[PDB]
file entry-v4.cif (mmCIF, C-alpha atoms (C1' of nucleotides) and all ligand atoms)
data_entry
loop_
_atom_site.label_atom_id
_atom_site.label_comp_id
_atom_site.auth_asym_id
_atom_site.auth_seq_id
_atom_site.Cartn_x
_atom_site.Cartn_y
_atom_site.Cartn_z
CA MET R 1 112.66 172.68 58.46
CA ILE R 2 109.40 174.65 58.04
CA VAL R 3 109.28 177.18 55.22
CA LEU R 4 106.62 179.80 54.59
CA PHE R 5 106.74 181.26 51.13
CA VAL R 6 104.86 184.44 50.29
CA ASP R 7 103.75 185.37 46.76
CA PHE R 8 101.84 188.65 46.12
CA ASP R 9 98.77 188.13 43.89
CA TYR R 10 99.04 189.39 40.28
CA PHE R 11 101.28 192.04 41.87
CA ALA R 12 101.62 194.89 39.36
CA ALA R 13 97.91 194.96 38.54
CA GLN R 14 96.79 194.55 42.18
CA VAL R 15 98.96 197.55 43.01
CA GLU R 16 97.28 199.49 40.17
CA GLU R 17 93.94 198.56 41.68
CA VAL R 18 95.03 199.71 45.11
CA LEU R 19 95.98 203.20 43.90
CA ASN R 20 92.79 203.32 41.80
CA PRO R 21 90.05 201.04 43.23
CA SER R 22 87.60 201.83 40.43
CA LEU R 23 89.62 199.18 38.60
CA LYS R 24 88.37 196.49 41.01
CA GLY R 25 86.53 193.75 39.13
CA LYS R 26 87.35 194.98 35.62
CA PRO R 27 89.96 193.11 33.52
CA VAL R 28 93.26 194.97 33.93
CA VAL R 29 96.27 194.59 31.66
CA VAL R 30 99.59 196.22 32.55
CA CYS R 31 101.81 196.61 29.54
CA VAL R 32 105.31 197.45 28.48
CA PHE R 33 104.96 199.58 25.32
CA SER R 34 107.97 199.21 23.07
CA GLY R 35 107.64 202.28 20.85
CA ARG R 36 108.05 200.71 17.40
CA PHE R 37 104.39 201.20 16.60
CA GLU R 38 100.88 201.77 17.95
CA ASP R 39 100.47 199.11 20.64
CA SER R 40 103.78 197.35 20.01
CA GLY R 41 105.01 195.65 23.15
CA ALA R 42 103.96 192.91 25.53
CA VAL R 43 101.78 192.12 28.53
CA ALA R 44 103.73 192.26 31.78
CA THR R 45 100.89 191.06 33.97
CA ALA R 46 97.10 190.98 33.98
CA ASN R 47 94.63 190.59 36.85
CA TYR R 48 92.50 187.45 37.02
CA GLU R 49 89.45 188.88 35.21
CA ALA R 50 91.93 189.45 32.40
CA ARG R 51 93.69 186.12 32.90
CA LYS R 52 90.38 184.25 32.76
CA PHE R 53 90.21 184.91 29.00
CA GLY R 54 93.70 183.94 27.95
CA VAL R 55 95.24 187.32 28.57
CA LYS R 56 98.47 186.53 30.43
CA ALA R 57 102.07 187.69 30.85
CA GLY R 58 104.15 187.56 27.72
CA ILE R 59 101.74 187.86 24.81
CA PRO R 60 101.72 190.82 22.37
CA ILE R 61 99.54 193.77 23.44
CA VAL R 62 97.79 193.69 20.04
CA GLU R 63 96.68 190.10 20.69
CA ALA R 64 95.29 190.99 24.11
CA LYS R 65 93.22 193.73 22.56
CA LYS R 66 91.54 191.36 20.08
CA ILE R 67 90.63 189.13 23.04
CA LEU R 68 89.79 191.98 25.40
CA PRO R 69 89.22 195.17 23.46
CA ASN R 70 87.58 197.02 26.36
CA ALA R 71 89.85 195.93 29.19
CA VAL R 72 91.79 198.67 30.96
CA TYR R 73 95.35 198.81 29.52
CA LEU R 74 97.99 200.43 31.69
CA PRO R 75 101.72 201.00 31.18
CA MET R 76 104.16 199.34 33.56
CA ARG R 77 105.15 201.54 36.53
CA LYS R 78 108.03 199.48 37.92
CA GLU R 79 109.24 202.09 40.38
CA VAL R 80 105.76 202.18 41.97
CA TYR R 81 105.32 198.44 42.51
CA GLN R 82 108.90 198.36 43.78
CA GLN R 83 108.24 200.94 46.51
CA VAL R 84 105.10 199.07 47.46
CA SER R 85 107.08 195.82 47.44
CA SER R 86 109.66 197.18 49.87
CA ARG R 87 107.11 198.09 52.52
CA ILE R 88 105.58 194.65 52.33
CA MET R 89 109.00 192.97 52.54
CA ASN R 90 109.63 195.06 55.64
CA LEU R 91 106.42 193.66 57.12
CA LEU R 92 107.63 190.10 56.59
CA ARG R 93 110.85 190.77 58.50
CA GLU R 94 108.77 191.08 61.65
CA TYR R 95 108.23 187.32 61.38
CA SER R 96 111.75 186.00 60.76
CA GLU R 97 115.43 186.93 60.65
CA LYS R 98 115.84 184.07 58.17
CA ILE R 99 114.31 185.69 55.06
CA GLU R 100 115.03 185.34 51.34
CA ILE R 101 113.64 188.04 49.10
CA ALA R 102 113.61 186.12 45.83
CA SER R 103 112.16 188.79 43.57
CA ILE R 104 109.96 191.82 43.67
CA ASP R 105 107.05 189.79 44.99
CA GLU R 106 108.44 186.63 46.49
CA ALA R 107 109.83 185.91 49.92
CA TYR R 108 110.89 182.70 51.60
CA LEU R 109 110.68 182.77 55.35
CA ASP R 110 112.34 180.08 57.43
CA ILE R 111 109.96 179.72 60.35
CA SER R 112 111.53 176.60 61.87
CA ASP R 113 112.50 178.28 65.13
CA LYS R 114 109.21 180.21 65.27
CA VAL R 115 106.61 177.44 64.97
CA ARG R 116 106.54 173.96 66.52
CA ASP R 117 104.50 172.18 63.82
CA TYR R 118 102.59 172.92 60.57
CA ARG R 119 99.38 173.77 62.46
CA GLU R 120 101.22 176.67 64.05
CA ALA R 121 102.79 177.49 60.66
CA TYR R 122 99.47 177.73 58.86
CA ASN R 123 98.34 180.02 61.63
CA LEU R 124 101.32 182.31 61.12
CA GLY R 125 100.49 182.35 57.42
CA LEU R 126 97.00 183.50 58.29
CA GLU R 127 98.52 186.12 60.56
CA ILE R 128 100.90 187.34 57.88
CA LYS R 129 98.24 187.55 55.17
CA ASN R 130 96.29 189.76 57.57
CA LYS R 131 99.19 192.02 58.50
CA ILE R 132 99.68 192.80 54.81
CA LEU R 133 95.99 193.14 54.10
CA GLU R 134 95.60 195.48 57.08
CA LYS R 135 98.70 197.57 56.35
CA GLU R 136 98.65 197.64 52.53
CA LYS R 137 95.39 196.09 51.31
CA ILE R 138 97.43 193.73 49.20
CA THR R 139 96.41 190.10 49.16
CA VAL R 140 98.98 187.32 48.79
CA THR R 141 99.33 183.55 48.69
CA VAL R 142 101.15 181.62 51.43
CA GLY R 143 102.75 178.25 50.66
CA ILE R 144 104.15 176.11 53.47
CA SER R 145 106.29 172.96 53.29
CA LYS R 146 109.61 171.40 54.30
CA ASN R 147 111.86 173.00 51.68
CA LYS R 148 111.79 176.04 49.43
CA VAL R 149 110.73 174.19 46.30
CA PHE R 150 107.60 172.66 47.78
CA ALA R 151 106.74 175.79 49.69
CA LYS R 152 106.47 177.43 46.23
CA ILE R 153 104.63 174.58 44.54
CA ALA R 154 102.20 174.88 47.46
CA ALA R 155 101.66 178.54 46.54
CA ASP R 156 101.46 177.65 42.84
CA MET R 157 98.51 175.53 43.90
CA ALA R 158 96.68 177.84 46.29
CA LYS R 159 96.77 181.14 44.40
CA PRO R 160 95.12 183.62 44.47
CA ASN R 161 94.37 184.83 48.01
CA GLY R 162 95.19 181.32 49.21
CA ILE R 163 97.13 179.47 51.89
CA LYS R 164 98.20 175.83 51.53
CA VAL R 165 100.40 173.40 53.43
CA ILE R 166 102.12 170.45 51.81
CA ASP R 167 102.84 168.04 54.70
CA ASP R 168 105.57 165.40 54.72
CA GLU R 169 103.07 162.89 53.39
CA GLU R 170 101.75 165.06 50.53
CA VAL R 171 105.36 165.63 49.49
CA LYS R 172 105.75 161.93 48.74
CA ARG R 173 102.37 161.87 47.04
CA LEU R 174 103.55 164.73 44.78
CA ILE R 175 106.96 163.19 44.17
CA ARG R 176 105.02 160.40 42.50
CA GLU R 177 101.92 162.16 41.16
CA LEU R 178 102.92 165.76 40.27
CA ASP R 179 103.70 166.50 36.63
CA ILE R 180 107.42 167.18 36.58
CA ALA R 181 106.69 170.07 34.20
CA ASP R 182 105.25 171.93 37.17
CA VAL R 183 108.54 171.70 39.06
CA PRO R 184 110.12 175.13 39.57
CA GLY R 185 112.96 175.46 37.10
CA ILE R 186 111.56 173.16 34.45
CA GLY R 187 110.73 175.09 31.26
CA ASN R 188 109.47 173.72 27.95
CA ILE R 189 112.89 173.04 26.52
CA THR R 190 113.74 170.89 29.55
CA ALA R 191 110.21 169.55 30.06
CA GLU R 192 110.38 168.24 26.52
CA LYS R 193 113.80 166.60 26.95
CA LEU R 194 112.27 164.95 30.02
CA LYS R 195 109.17 163.65 28.29
CA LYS R 196 111.69 162.45 25.68
CA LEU R 197 113.14 160.20 28.34
CA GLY R 198 109.72 159.03 29.50
CA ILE R 199 110.26 161.17 32.58
CA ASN R 200 106.88 162.69 33.38
CA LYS R 201 107.15 162.60 37.19
CA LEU R 202 109.83 163.18 39.86
CA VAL R 203 110.05 159.48 40.85
CA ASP R 204 111.14 158.54 37.33
CA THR R 205 114.58 160.14 37.82
CA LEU R 206 115.45 157.43 40.40
CA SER R 207 115.17 154.64 37.84
CA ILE R 208 117.28 155.97 34.97
CA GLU R 209 121.05 155.78 34.48
CA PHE R 210 122.28 159.11 35.87
CA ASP R 211 124.50 159.84 32.85
CA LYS R 212 121.52 159.42 30.53
CA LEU R 213 119.94 162.11 32.67
CA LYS R 214 123.05 164.22 33.11
CA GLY R 215 123.58 163.82 29.37
CA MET R 216 120.32 165.54 28.47
CA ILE R 217 119.61 168.16 31.08
CA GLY R 218 123.08 168.51 32.55
CA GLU R 219 124.55 167.92 35.97
CA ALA R 220 122.93 170.63 38.15
CA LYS R 221 119.48 170.00 36.82
CA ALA R 222 119.90 166.21 37.16
CA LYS R 223 121.16 166.49 40.70
CA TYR R 224 118.40 168.98 41.47
CA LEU R 225 115.59 166.75 40.32
CA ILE R 226 117.11 163.64 41.83
CA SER R 227 117.61 165.32 45.22
CA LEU R 228 114.02 166.47 45.01
CA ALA R 229 112.96 162.95 44.08
CA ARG R 230 114.84 161.33 46.98
CA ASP R 231 113.21 163.82 49.36
CA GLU R 232 116.71 165.11 50.11
CA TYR R 233 116.45 168.59 48.73
CA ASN R 234 117.96 171.27 50.97
CA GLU R 235 118.76 174.78 49.79
CA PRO R 236 118.69 177.18 52.71
CA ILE R 237 117.03 180.57 53.06
CA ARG R 238 119.66 183.18 52.24
CA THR R 239 119.51 186.93 52.25
CA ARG R 240 119.83 187.75 48.58
CA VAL R 241 121.97 190.55 47.16
CA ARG R 242 121.52 191.83 43.60
CA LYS R 243 124.41 190.66 41.45
CA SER R 244 123.62 192.74 38.39
CA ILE R 245 121.80 195.83 37.10
CA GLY R 246 121.19 196.79 33.51
CA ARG R 247 118.78 198.16 30.98
CA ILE R 248 117.93 197.15 27.48
CA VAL R 249 115.60 199.16 25.25
CA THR R 250 114.11 198.51 21.86
CA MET R 251 115.37 200.59 18.93
CA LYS R 252 112.64 202.28 16.86
CA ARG R 253 113.97 200.47 13.82
CA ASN R 254 116.53 197.72 13.37
CA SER R 255 120.10 198.55 12.43
CA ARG R 256 123.76 197.59 12.12
CA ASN R 257 124.72 201.27 11.89
CA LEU R 258 126.99 202.11 14.84
CA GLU R 259 125.92 205.75 15.19
CA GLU R 260 122.21 204.90 14.99
CA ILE R 261 122.62 202.42 17.86
CA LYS R 262 124.89 204.76 19.76
CA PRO R 263 122.09 206.88 21.39
CA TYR R 264 119.93 203.92 22.45
CA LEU R 265 123.00 202.35 24.02
CA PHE R 266 123.75 205.61 25.85
CA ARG R 267 120.29 206.08 27.35
CA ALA R 268 120.60 202.48 28.61
CA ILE R 269 123.83 203.37 30.43
CA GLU R 270 122.28 206.50 31.90
CA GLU R 271 119.44 204.49 33.38
CA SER R 272 121.72 201.69 34.54
CA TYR R 273 123.88 204.12 36.48
CA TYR R 274 120.83 205.78 37.97
CA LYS R 275 119.81 202.31 39.20
CA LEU R 276 123.31 201.38 40.32
CA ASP R 277 122.87 204.07 42.94
CA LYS R 278 126.30 204.12 44.58
CA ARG R 279 127.12 200.50 43.72
CA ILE R 280 130.38 200.43 41.79
CA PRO R 281 130.45 197.83 39.00
CA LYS R 282 133.71 196.17 37.93
CA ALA R 283 132.21 194.35 34.94
CA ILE R 284 130.03 195.47 32.04
CA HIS R 285 128.29 193.61 29.24
CA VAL R 286 126.78 195.16 26.18
CA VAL R 287 123.77 193.05 25.26
CA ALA R 288 122.08 193.04 21.87
CA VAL R 289 118.96 191.19 20.79
CA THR R 290 119.43 190.37 17.08
CA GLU R 291 116.73 191.00 14.50
CA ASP R 292 115.64 187.38 14.80
CA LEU R 293 115.26 187.62 18.57
CA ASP R 294 118.60 185.97 19.30
CA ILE R 295 120.60 187.29 22.26
CA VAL R 296 124.29 188.21 21.76
CA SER R 297 126.62 189.88 24.26
CA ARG R 298 130.17 191.01 24.87
CA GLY R 299 131.55 191.82 28.27
CA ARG R 300 134.68 192.92 30.05
CA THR R 301 135.96 192.90 33.62
CA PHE R 302 138.25 195.62 34.99
CA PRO R 303 140.59 195.51 38.02
CA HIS R 304 138.82 198.64 39.21
CA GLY R 305 135.32 200.08 39.36
CA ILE R 306 133.83 201.58 36.21
CA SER R 307 133.02 205.27 35.85
CA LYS R 308 130.19 206.52 33.68
CA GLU R 309 132.76 207.73 31.13
CA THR R 310 134.64 204.42 31.00
CA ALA R 311 131.20 202.78 30.65
CA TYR R 312 130.53 204.96 27.59
CA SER R 313 133.81 204.25 25.83
CA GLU R 314 134.02 200.61 26.71
CA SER R 315 130.42 199.97 25.66
CA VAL R 316 131.19 201.28 22.18
CA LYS R 317 134.19 198.94 21.94
CA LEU R 318 131.93 196.12 23.11
CA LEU R 319 129.09 197.06 20.75
CA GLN R 320 131.64 197.49 18.02
CA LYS R 321 133.04 194.03 18.84
CA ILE R 322 129.52 192.58 18.62
CA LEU R 323 129.12 194.17 15.16
CA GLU R 324 132.56 192.89 14.05
CA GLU R 325 131.65 189.30 15.01
CA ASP R 326 128.06 188.97 13.72
CA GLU R 327 126.53 190.17 10.44
CA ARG R 328 122.91 190.28 11.70
CA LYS R 329 120.91 193.43 12.56
CA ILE R 330 120.23 194.60 16.13
CA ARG R 331 116.70 194.93 17.49
CA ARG R 332 117.19 195.73 21.17
CA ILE R 333 120.37 197.06 22.68
CA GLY R 334 121.35 197.30 26.27
CA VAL R 335 123.99 197.00 28.86
CA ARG R 336 124.45 195.15 32.13
CA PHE R 337 126.70 195.90 35.10
CA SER R 338 128.06 193.43 37.63
CA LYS R 339 130.82 192.50 40.07
CA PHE R 340 130.03 195.29 42.55
CA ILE R 341 132.65 196.67 44.95
"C1'" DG L 1 141.74 167.26 36.24
"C1'" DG L 2 139.64 171.20 37.39
"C1'" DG L 3 139.62 176.58 38.66
"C1'" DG L 4 138.18 180.58 36.53
"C1'" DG L 5 136.55 184.24 32.92
"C1'" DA L 6 133.79 184.77 28.68
"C1'" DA L 7 129.72 183.89 25.93
"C1'" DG L 8 125.46 181.28 25.15
"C1'" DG L 9 121.18 179.13 27.25
"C1'" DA L 10 117.19 178.40 29.90
"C1'" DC L 11 114.29 179.78 33.20
"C1'" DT L 12 111.38 183.01 36.02
"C1'" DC L 13 108.98 186.78 37.35
"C1'" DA W 1 107.92 188.33 20.33
"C1'" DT W 2 108.96 193.57 27.11
"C1'" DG W 3 112.04 193.92 30.32
"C1'" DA W 4 114.92 192.23 34.34
"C1'" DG W 5 117.80 189.36 36.70
"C1'" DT W 6 119.78 184.41 38.02
"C1'" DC W 7 122.09 180.24 37.73
"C1'" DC W 8 124.27 176.78 34.64
"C1'" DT W 9 126.90 174.87 30.52
"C1'" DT W 10 130.48 175.03 27.15
"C1'" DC W 11 134.51 176.33 25.43
"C1'" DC W 12 139.13 178.07 26.50
"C1'" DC W 13 143.56 179.60 28.97
"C1'" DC W 14 146.15 178.19 32.51
"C1'" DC W 15 148.17 175.83 36.68
CA CA N 401 105.37 183.63 41.41
CA CA N 402 103.00 186.90 42.39
CA CA N 403 107.38 174.82 34.52
#
call {"tool": "encode", "arguments": {"input": "entry-v4.cif", "output": "structure tokens"}}
result
Amino acid sequence: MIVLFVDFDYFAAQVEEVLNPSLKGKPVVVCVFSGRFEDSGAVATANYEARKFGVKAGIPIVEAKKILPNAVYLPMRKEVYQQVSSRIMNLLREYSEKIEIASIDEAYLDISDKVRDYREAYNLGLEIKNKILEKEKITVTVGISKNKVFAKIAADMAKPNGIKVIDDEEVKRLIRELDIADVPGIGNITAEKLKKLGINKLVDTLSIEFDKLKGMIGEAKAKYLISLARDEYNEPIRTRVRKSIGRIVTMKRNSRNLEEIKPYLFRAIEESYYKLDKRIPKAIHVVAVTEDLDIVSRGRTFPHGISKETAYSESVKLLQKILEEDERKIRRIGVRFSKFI
DNA sequence: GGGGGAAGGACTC
DNA sequence: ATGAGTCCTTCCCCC
């Protein structure tokens, strides 16, 4: 198999640049403002000028401003980047019927039956980068390898504006050399557990009693890493269909008071149903982030689809149930809908 | 034993 | 210390 993975460069910001070029070159920080106070919230994404100084996704906005007090700070415009994303995704479909849209800015393209070798693949990557640049003026990174995972690690290596190919021989190099912490799906919690077993590379998983491995990280993750390590990893490109839709907001102040949470919960439903857009959910979860940033939830599945009104009532029962079964305060409250008709 | 729903976890963009 | 969405584990009823 030959897989060509596409990953739009610092997407949200790059899109902000494209609508407003005068931003080119200046550090740009796109933010999600929470409402609690002046500048409360987090960084969603920053361009590379911004990134160069430690301003990256996930940190408080207030932090970023100490580091970069004269960078351009913009609020997230999800709906905009999404529309832009769609047109690009449409471009990529010109190059393969086998295409997995993994997220708003990630696509795996199975180009096995479209190129005869990697030389031809790299060329197609060049040709794709151009198509997008021509049509939308959005640069991207192309990663090419034998399975999805390495295709992405390729891109992780070549970004931004890059194109890299990890051949069958580099794969084995990486299976021995690459820090296992840089393996897609390995976060700190797991990375630690791995270090804790001496496991610092992919190869190491082949010389450790499976159960010792299973024991720590669990079956799926153990199998996943081992299969990667044995060069036997195959997950195929699949058209992806959303499995859930939801919305969680932050309350202006923390509470356990049912009627104070009520309105935040209701706006969340209103938005969720807007986004459902003619998809009929059978299941609903109310989801609260506790005052100490813990995440609690209560759900319910019906035998039938859920109307906005049933969503309203049931969500109160579910929020109520959350309250009944935890004595902590709520900080964010939201809802999530799944099991579509 | 293990299928299958609920709730928590961990990860990623 | 945002917001969104996914897959997996653990506990449990049940067959
Ligand atoms: Ca990415
Ligand atoms: Ca990206
Ligand atoms: Ca990692």
call {"tool": "interface_residues", "arguments": {"input": "entry-v4.cif", "of": "chain R", "to": "chain W", "cutoff": "6 Å", "atoms": "all atoms listed in the file", "output": "ChimeraX atom specification"}}
result
/R:32,41-42
call {"tool": "closest_residue", "arguments": {"input": "entry-v4.cif", "among": "R:66, R:298, R:196, R:164", "to": "residue 7 in chain L", "atoms": "only C-alpha atoms (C1' of nucleotides)"}}
result
R:298
call {"tool": "closest_atom_pairs", "arguments": {"input": "entry-v4.cif", "of": "chain L", "to": "chain R", "cutoff": "12 Å", "atoms": "all atoms listed in the file", "output": "JSON lines"}}
result
{"residue": "L:5", "atom": "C1'", "partner": "R:301", "partner_atom": "CA", "distance": 8.7}
{"residue": "L:6", "atom": "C1'", "partner": "R:299", "partner_atom": "CA", "distance": 7.4}
{"residue": "L:7", "atom": "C1'", "partner": "R:297", "partner_atom": "CA", "distance": 6.9}
{"residue": "L:8", "atom": "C1'", "partner": "R:296", "partner_atom": "CA", "distance": 7.8}
{"residue": "L:9", "atom": "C1'", "partner": "R:295", "partner_atom": "CA", "distance": 9.6}
{"residue": "L:10", "atom": "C1'", "partner": "R:187", "partner_atom": "CA", "distance": 7.4}
{"residue": "L:11", "atom": "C1'", "partner": "R:185", "partner_atom": "CA", "distance": 6.0}
{"residue": "L:12", "atom": "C1'", "partner": "R:185", "partner_atom": "CA", "distance": 7.8}
{"residue": "L:13", "atom": "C1'", "partner": "R:103", "partner_atom": "CA", "distance": 7.3}
call {"tool": "atom_distance", "arguments": {"input": "entry-v4.cif", "atom1": "CA of residue 231 in chain R", "atom2": "CA of residue 93 in chain R"}}
result
28.6 Å
call {"tool": "residues_around", "arguments": {"input": "entry-v4.cif", "residues": "residue 247 in chain R", "least_positions_apart": "2", "cutoff": "10 Å", "atoms": "all atoms listed in the file", "output": "VMD selection string"}}
result
(chain R and resid 245 249 265 267 to 273 275 286 to 287 333 to 337) or (chain W and resid 3 to 4)
call {"tool": "atom_distance", "arguments": {"input": "entry-v4.cif", "atom1": "CA of residue 52 in chain R", "atom2": "CA of residue 25 in chain R"}}
result
12.1 Å
call {"tool": "atom_distance", "arguments": {"input": "entry-v4.cif", "atom1": "CA of residue 90 in chain R", "atom2": "CA of residue 150 in chain R"}}
result
23.8 Å
call {"tool": "residues_around", "arguments": {"input": "entry-v4.cif", "residues": "range 13-23 of chain R", "least_positions_apart": "3", "cutoff": "7 Å", "atoms": "only C-alpha atoms (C1' of nucleotides)", "output": "PyMOL selection string"}}
result
chain R and resi 9-10+26+28+30+45-47+81
call {"tool": "residues_around", "arguments": {"input": "entry-v4.cif", "residues": "residue 144 in chain R", "least_positions_apart": "5", "cutoff": "7 Å", "atoms": "only C-alpha atoms (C1' of nucleotides)", "output": "PyMOL selection string"}}
result
chain R and resi 3-5+151+154+164-166
call {"tool": "build_atoms", "arguments": {"input": "entry-v4.cif", "residues": "range 33-48 of chain R", "atoms": "N, CA and C atoms", "output": "compact mmCIF listing (two decimals), in the frame of the given file"}}
result
# COMPACT_ATOMS: atom_id res chain seq x y z
N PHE R 33 105.04 199.13 26.72
CA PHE R 33 104.96 199.58 25.32
C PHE R 33 106.36 199.79 24.77
N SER R 34 106.60 199.28 23.57
CA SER R 34 107.97 199.21 23.07
C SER R 34 108.36 200.44 22.25
N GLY R 35 107.38 201.06 21.60
CA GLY R 35 107.64 202.28 20.85
C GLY R 35 107.63 202.13 19.34
N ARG R 36 108.00 200.96 18.84
CA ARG R 36 108.05 200.71 17.40
C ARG R 36 106.79 201.15 16.68
N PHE R 37 105.64 200.78 17.21
CA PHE R 37 104.39 201.20 16.60
C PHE R 37 103.27 201.32 17.63
N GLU R 38 102.09 201.71 17.14
CA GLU R 38 100.88 201.77 17.95
C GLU R 38 100.62 200.41 18.58
N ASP R 39 100.80 200.33 19.90
CA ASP R 39 100.47 199.11 20.64
C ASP R 39 101.54 198.02 20.61
N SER R 40 102.67 198.29 19.96
CA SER R 40 103.78 197.35 20.01
C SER R 40 104.16 197.13 21.47
N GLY R 41 104.62 195.94 21.79
CA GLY R 41 105.01 195.65 23.15
C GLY R 41 104.40 194.36 23.65
N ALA R 42 104.44 194.16 24.96
CA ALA R 42 103.96 192.91 25.53
C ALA R 42 103.17 193.11 26.82
N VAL R 43 102.45 192.08 27.24
CA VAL R 43 101.78 192.12 28.53
C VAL R 43 102.80 191.77 29.62
N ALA R 44 102.84 192.57 30.68
CA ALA R 44 103.73 192.26 31.78
C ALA R 44 102.98 191.40 32.76
N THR R 45 101.79 191.85 33.14
CA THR R 45 100.89 191.06 33.97
C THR R 45 99.45 191.56 33.81
N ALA R 46 98.51 190.65 34.05
CA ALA R 46 97.10 190.98 33.98
C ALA R 46 96.45 190.46 35.25
N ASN R 47 95.42 191.14 35.75
CA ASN R 47 94.63 190.59 36.85
C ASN R 47 93.85 189.34 36.42
N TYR R 48 93.14 188.71 37.35
CA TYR R 48 92.50 187.45 37.02
C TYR R 48 91.28 187.55 36.08
